[PDB]
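# Residue-level structure breakdown
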Amino acid sequence: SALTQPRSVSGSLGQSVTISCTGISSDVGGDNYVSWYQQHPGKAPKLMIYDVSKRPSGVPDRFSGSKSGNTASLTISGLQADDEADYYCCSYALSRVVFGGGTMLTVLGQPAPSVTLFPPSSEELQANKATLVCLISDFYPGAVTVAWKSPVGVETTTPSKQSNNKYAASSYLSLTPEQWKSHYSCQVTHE
Amino acid sequence: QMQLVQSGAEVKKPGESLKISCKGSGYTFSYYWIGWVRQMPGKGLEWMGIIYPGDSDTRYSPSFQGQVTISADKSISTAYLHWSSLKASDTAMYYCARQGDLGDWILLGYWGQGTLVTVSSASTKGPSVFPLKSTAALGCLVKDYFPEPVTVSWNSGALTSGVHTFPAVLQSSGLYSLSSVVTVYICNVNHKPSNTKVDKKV
Amino acid sequence: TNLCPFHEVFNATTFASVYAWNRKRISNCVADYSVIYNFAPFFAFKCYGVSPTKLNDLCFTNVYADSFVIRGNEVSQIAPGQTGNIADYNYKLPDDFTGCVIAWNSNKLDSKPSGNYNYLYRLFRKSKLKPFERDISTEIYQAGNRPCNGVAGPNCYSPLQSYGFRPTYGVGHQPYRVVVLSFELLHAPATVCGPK
């Protein structure tokens, strides 16, 4: 069998959330072969629930679970910013472990973006290049819009490492030195 | 203490047949199962197999019955992944796991750091560094590098406060680009996939 | 027809305690026992009334797979006419048993280096179990004449003990899984057969 997991889920701080895991198997010897794993961006999985009627050591007591037929559930009694990570359920009843598709929990909490423009250096000009780097950080929402100033080779990434629960982004305007010296204002819009 | 470290990043081309390793310590590497888990970019985890270091009893998943073989050297407490005729689809962060004293023999209790395996042919190019009313924040601009596992530091690690390394940007040219700013200095770039280490000051 | 659920009984992750041996109703299938021969080097495959080789060329009315993990020094007790703690108080097969006993080592699966206490065995009971009987109770056994209650005492002890299987223990003390396939072949209708 294969486990299905709602790709995305949401919640609010202080409240609770539930995750569904359908496709649990069963064997002669037990039917509670369900476990849940947490994985932050850029880190390894961390077991949080095994033997759903039990919890590991060191895991907060707010991570409790319930079973309901071929489906299991995970309840986070109190959402916090440190819970914004993917959750994968596992079924290891038939000596073969099967993982789900993951559930990205996006907790809603306190929300402005800080922009800093860095002009190209002299080494870039000597190398026959000109790159204008535009930085964005200090914004909580996972969405930000960027523009360039006439209305404008530039790329940018929306997501970023949430070290202090604050998103970030950076843009790199790639242009030739002649086009850069012939003439800028990194325009950034946010909710 | 119980530790489980994996080999470093391995940038390889199709058909080089590399091998990843996992060095275990802090426990008896003879009675606890040891396996590997695959996680492709953006997708979820995938189980490959487990091995009992005591006897050569390997249990593989139906999807990895012959694509890769798991081995363990009980004399040095290490497990290995042996790839033969790698493919571009093998690009993924492979995580090692072990039994644990909590649950059943198959339950993965403790996990490792994970080794990044990149099967590509983008010339394995090295990065180029350029030192960047503001007075402020200083930084160093890095560009022209396909391998993602790049690290940037300042003063060999002496400056950490105010330092923030932001994600990279994979331009249409197939090369990444990132930046690092320090709130207020020599910036150190270490491109391990190419052994290209460079030091620059703003 | 549909294949037989020989999986979930052999390829299962954990089996059950001896005092809670599970039975899986196997009916309306094509029993291909060839998948068991190449499963593992079993320590015992004693079939009573039938030969292991000449087993895929017959039919059975209703076969029941009894799964339970026992200790090595007491695998000789899972057989007809045997006596002992597990034979008399946990799991007793009849003298007229017609089936196969499949036992193999499980130290690599059912034995942690800190003690697998999830496997329990009934040590004390006021009467011996009859063939194909189960006692999941957990009432304190009164050995003496003094009354007892829901709490242990000097003369009334707990009925279930734990086999602390560890990988360091020698043969005999290691865990050994058991699958007792009970056959019943007669003029009755056939629900499970072999691959023709």
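Residues numbered from 1 in each chain as written, not as in the entry; some residues may be left out. Chains lettered and ligands numbered in written order. Heavy atoms only, no water.

Structure determination for the deposited model, as stated in its record, used cryo-EM, and the stated resolution is 2.92 Å.

### So, the overall build of chain A
Of the regular secondary structure elements, chain A holds two helices and 15 strands. A globule of 191 residues ought to have a C-alpha radius of gyration of about 16 Å, yet chain A, at 23 Å, is considerably larger. If you line up chain A on its principal axes, its C-alpha atoms span 75 × 35 × 30 Å. Counting across all 191 residues of chain A, residues that qualify as buried make up 44%. Summed over its atoms, the accessible surface of chain A is roughly 9,100 Å², and 52% of this surface lies on carbon and sulfur atoms. A gap of 3 Å separates the mean positions of the 13 positive and 14 negative side-chain charges of chain A. (Helix = DSSP H or I, 4+ residues; strand = E, 2+ residues; numbered from the N terminus. Rg over C-alpha atoms; globule rule 2.2 N^0.38 Å. Buried < 20%, exposed > 50% of the residue type's maximum accessible area, 1.4 Å probe, protein only. Areas by Shrake-Rupley, 256 points an atom, 1.4 Å probe, with all protein chains shown as cover. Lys, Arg positive; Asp, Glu negative; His and termini not counted. Charge placed at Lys NZ, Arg CZ, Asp CG, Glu CD.)

### Digging into the sheet that holds strand 18 (residues 196-201) of chain B
Residue and element names in this part refer to chain B. Taken together, the three strands give an open sheet; going across it, the order is 14-17-18, and neighbouring strands pair in antiparallel fashion. A single partner strand is all that each edge strand has here, and the edge strands are strand 14 (151-154) and strand 18. If you compare each strand with its neighbour and ignore which way they point, the axes differ by 20 degrees on average. In this sheet, strand 17 (residues 186-191) lies alongside strand 14 in antiparallel orientation, the contact comprising four bridges. When the bridges of strand 17 are listed, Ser-153 appears paired with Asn-188. (Pairing = 2+ DSSP bridges. Axes fitted to C-alpha atoms, helices over the stretch in contact; angles between N-to-C directions.)

### Quick look at the domain arrangement of chain B
Residues and elements named next belong to chain B. Examined at the domain level, chain B breaks down into domain 1 (3-119) and domain 2 (128-201). Taken over C-alpha atoms, the centre of domain 1 sits 31 Å from the centre of domain 2. On the side of domain 2, four residues touch domain 1, which itself brings four residues to the contact. For the domain 1 and domain 2 pair, buried surface summed over both sides reaches about 300 Å², with 84% attributable to carbon and sulfur atoms. Among the residues domain 1 hides against domain 2, the three largest losses belong to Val-11, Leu-116 and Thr-118. Together they make up 85% of the total. Linking domain 1 with domain 2 are zero salt bridges, by the criterion used here. Put simply, domain 1 and domain 2 have zero residue pairs in polar contact between them. Residue composition of the side of domain 1 that touches domain 2, by class: three nonpolar, one polar and no charged. (Domains from an automatic or database assignment. Contact = heavy atoms within 4.5 Å. Buried area = accessible area lost by both parts, 1.4 Å probe. Salt bridge = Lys/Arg side-chain N within 4 Å of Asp/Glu carboxyl O. Polar contact = N/O pair within 3.5 Å; in protein donor to acceptor, adjacent residues only side chain to side chain. Nonpolar A, V, L, I, M, F, W, Y, C, P; charged D, E, K, R; others polar.)

### Quick look at the state of the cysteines
Counting across every chain of the model gives seven disulfides over all chains. Residue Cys59(C) pairs covalently with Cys193(C) via a disulfide, S to S 2.0 Å. The sign of the S-S torsion, about 110 degrees, decides the handedness of the disulfide formed by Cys59(C) and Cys193(C): right-handed. Here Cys193(C) lies in strand 12 (residues 192-193) and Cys59(C) lies in strand 4 (residues 59-60), a separation of 134 residues in the sequence. The exposure class assigned to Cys59(C) is partly exposed, which follows from its relative accessible area of 37%. The exposure class of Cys193(C) is partly exposed, given its relative accessible area of 21%. The disulfide that involves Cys148(C) links it to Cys156(C), with 2.0 Å between the sulfurs. Across the S-S bond linking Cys148(C) and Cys156(C), the dihedral sits near 80 degrees, which makes this disulfide right-handed. Judged by its relative accessible area of 1%, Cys156(C) falls in the buried class. The cystine pairing of chain A, numbering bonded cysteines in sequence order, is 1-2, 3-4. With no disulfide of its own, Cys90(A) lies closest to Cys89(A) among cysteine sulfurs, the gap being 7.9 Å. For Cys90(A), a relative accessible area of 1% corresponds to the buried category. (Disulfide = S-S within 2.5 Å.)

### Topic: the packing of aromatic side chains
Applying the stated criterion to the full structure yields 30 aromatic pairs over all chains. Measuring from centroid to centroid gives 5.9 Å for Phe42(C) and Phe45(C), while their planes differ by 75 degrees, and the two rings are edge-to-face. Among the aromatic side chains, those forming a connected cluster through ring pairs are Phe10(C), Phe15(C), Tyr37(C), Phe39(C), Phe42(C), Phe45(C) and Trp104(C). Taking the ring centre of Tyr27(B) as reference, the NZ or CZ of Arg98(B) above it sits at 3.8 Å. Stacked on the ring of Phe15(C), the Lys or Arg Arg177(C) has its end atom at 4.5 Å from the ring centre. (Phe/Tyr/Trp six-rings, centres within 6.5 Å; stacked < 30°, edge-to-face > 60°. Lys NZ or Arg CZ within 6 Å of the ring centre and 35° of its normal.)

### Observations concerning the interface of chain A and chain C
If you look at the interface, chain A gives nine residues, while chain C gives 12 residues. Taken over both partners, the interface formed by chain A and chain C buries close to 790 Å², and the fraction arising from carbon and sulfur atoms is 53%. At the boundary of chain A and chain C, one finds zero salt bridges. Along the contact surface separating chain A from chain C lie six residue pairs in polar contact. Partitioned by chemical class, the residues of the side of chain A that touches chain C number five nonpolar, three polar and one charged.

### Here's the deal with the side chain of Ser61(B)
Mapping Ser61(B) onto the fold places it in the loop between strand 6 (57-60) and strand 7 (68-73). A relative accessible area of 10% places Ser61(B) in the buried class. Look past the residues within four positions of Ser61(B) in its chain and what remains in contact with it is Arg96(A), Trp47(B) and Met48(B).

### A closer look at the side chain of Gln39(B)
By the secondary structure assignment, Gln39(B) is in strand 4 (residues 34-39). Judged by relative accessible area, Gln39(B) falls into the buried class, the value being 15%. Of the polar contacts made by the side chain of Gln39(B), one reaches the side chain of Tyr95(B); its length is 3.3 Å. Those residues in contact with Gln39(B) that lie beyond four places of it in its chain are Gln39(A), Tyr88(A), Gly44(B), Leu45(B), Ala92(B), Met93(B) and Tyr95(B).

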